[PDB]
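Working notes, beginning with the structure itself.
Values reported hereafter were calculated over all heavy atoms of this structure, with side chains retained and with hydrogens, waters and symmetry mates removed. In what follows, chains carry the letters A, B, and so on, assigned in the order in which the sequence lines appear, proteins first and then strands, with residues in each chain numbered from 1. One-based numbering, in listed order, for ligands and for the atoms of each.
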Amino acid sequence: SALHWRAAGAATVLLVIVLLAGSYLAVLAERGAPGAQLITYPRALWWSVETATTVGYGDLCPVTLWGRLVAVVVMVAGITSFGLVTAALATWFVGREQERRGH
Amino acid sequence: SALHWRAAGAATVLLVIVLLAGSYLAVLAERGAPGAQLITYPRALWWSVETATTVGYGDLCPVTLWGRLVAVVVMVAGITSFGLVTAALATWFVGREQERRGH
Amino acid sequence: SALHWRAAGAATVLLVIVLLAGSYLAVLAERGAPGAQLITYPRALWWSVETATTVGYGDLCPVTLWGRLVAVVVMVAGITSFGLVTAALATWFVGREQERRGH
Amino acid sequence: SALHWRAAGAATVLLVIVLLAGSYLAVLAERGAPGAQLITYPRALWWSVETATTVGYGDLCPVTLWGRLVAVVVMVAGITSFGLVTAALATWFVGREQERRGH
Amino acid sequence: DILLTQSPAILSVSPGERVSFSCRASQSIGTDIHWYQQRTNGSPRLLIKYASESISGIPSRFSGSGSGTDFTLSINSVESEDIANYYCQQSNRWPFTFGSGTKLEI
Amino acid sequence: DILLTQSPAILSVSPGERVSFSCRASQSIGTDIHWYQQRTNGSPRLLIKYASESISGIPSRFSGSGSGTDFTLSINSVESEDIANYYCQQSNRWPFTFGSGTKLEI
Ligand SMILES: [K+]
Ligand SMILES: [K+]
Ligand SMILES: [K+]
Ligand SMILES: [K+]
Ligand SMILES: [K+]
Ligand SMILES: [K+]
């Protein structure tokens, strides 16, 4: 089965796992730091999605070292995941356009 | 007609529909929540565009569960739409460079 | 000369023009609106770059209809420009990898 | 060795260098400006990563001319780096799909 | 929940003079403030929307201004027909809220 | 609309002494504050821009400082030619506004 489509899926499943683990770890890392707001799971999950898509509203963000390290992993996983989907869409268009020319 | 160009258009039309529906639903979801600001249609539409392009200034953002779920759909539709345009531009360059070599 | 590289350049020049015109028009559109901060040219230009790259810190953002319409044009021009550079980098890699296989 | 994979790596190493130099220079540029917050190295580094991935939470941002110029270099290096990774993933999928058809 | 303070509660002015009603919000609300007029036994009537935007059918005598937390509704050249209760209303945050009202007296 | 408070309204100082004018903004405006000098019968003259930036042609005796909501204009070694009215002006939010003014007295 087409690799680009398989990697896209794998990418989606993996991103969903990173979001959940990131939500868990962000809370674990931020509690104990005075002033921290990334401290309950439901909003932490919203924050992770917010970060992965790189939207970053600024309603929530990490203030501790480990919270930031978790944030980086989430940003990168999201950028990579969506970037991989774009790449797969490119392979589909390239392959089909070849057909449209015969090859 | 070239699929990559057709999918690009379909993507644009679809994004415009997601923006309008997202604006409508965001207001529907946020009213009733004390402190919510995503509550009148004109700014909600600005918010959706702001989210779809992933700029996220932070002047407006959802605070309710359904508002956030709507936000996710908007982020993803935008990322996918613009990602699909990039993919089509790649197919155009790849196809034309092939010609520039004869093929 | 390779189209993908030409379009990349054209894209850069065009983006720089959109940034300057966007800075000018943003100020023109926001002055007259009570509370507006996008009202002097130097920061307006910083704002436009901030928007085009989609970083959106939230230190400055438009509050008027025309300021927002200008903002959309800037976001899209930036997303398209950088997306076009990625597409050109894809064509370069695809072309060269073909060579690495003989073709 | 495959160029797209080599350029990806070079891109990563280069980005890491831009982040560190950007952190250093941001602090150098912002100190001396009343009200500036991008003034200690640990958070400046968090800020640079935040900018390169284009997340931009708004917890930290430059207020001086040179700080902003540094910010632009960081945004562009990040966009280019991640864009180059996407391009390499496209070349891998395109090459492998060709194989899946024999070529 | 945003609190809108209208003080003084009663304002006395001489015919033709300029008058100003104040409305203070407990937190910054941009320019999302609207003004209403309610004559004795009448229903409220929109006068100014978004702090300073004119409404068609309203004497050009009426004007509003302000942003953030402080807002002003002004009448240039007051006259008998202006005797009424004036209310501000905010739409920045849910739920919408109304000021306590200011009575115009001539 | 940003309010700029200049208090005290009058400042008395002895020749050569150091003097300081204060300007307080109703909300945080970074360093977007500018100072002007207006002698009797004269037009305003820019002294300091962006809270602390020097302007060419202005005695090095003048300096400014501050950020956020509190700003200071300072004169080190006052002299007769400094007798005038001093105004602050903000450009952070529209519309631009001026402080009420502080008179320097020797
Ligand atoms: K972004
Ligand atoms: K962003
Ligand atoms: K942002
Ligand atoms: K933000
Ligand atoms: K913010
Ligand atoms: K992107």
Partners passing side-chain hydrogen bond (donor to acceptor under 3.5 Å, both in side chains) against C/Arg43 (at least two apart in sequence or in another chain):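 Here the qualifying residues are C/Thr40, F/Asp32.
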Distance filter under 3.4 Å, centred on the K ion (ligand 3) - protein N, O or S atoms that pass it: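 Near the K ion (ligand 3), below 3.4 Å, one finds A/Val55 O, A/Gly56 O, B/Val55 O, B/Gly56 O, C/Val55 O, C/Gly56 O, D/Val55 O, D/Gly56 O.
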Is there a donor-acceptor contact under 3.5 Å from the side chain of A/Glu30 to the main chain of A/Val63? yes
Tell me every residue that passes side chain to side chain contact (heavy atoms under 4.5 Å, CB included) with A/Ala90, counting only those two or more places apart in sequence or in another chain. B/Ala87
Can you give the donor-acceptor pairs under 3.5 Å from side chains of residues 77-84 of chain D to other protein atoms, not counting sequence neighbours?
unit_1	atom_1	unit_2	atom_2	d
D/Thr80	OG1	D/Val76	O	2.8
D/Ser81	OG	D/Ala11	O	3.4
D/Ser81	OG	D/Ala77	O	2.8

Starting at CD1 of F/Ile2, measure out to CH2 of F/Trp94 and round the result to the nearest 0.5 Å.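 The CD1 atom of F/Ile2 sits 12.5 Å away from the CH2 atom of F/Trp94.
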For the atom pair CH2 (D/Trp5) and CG (D/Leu89), what is the distance rounded to the nearest 0.5 Å? 5.0 Å
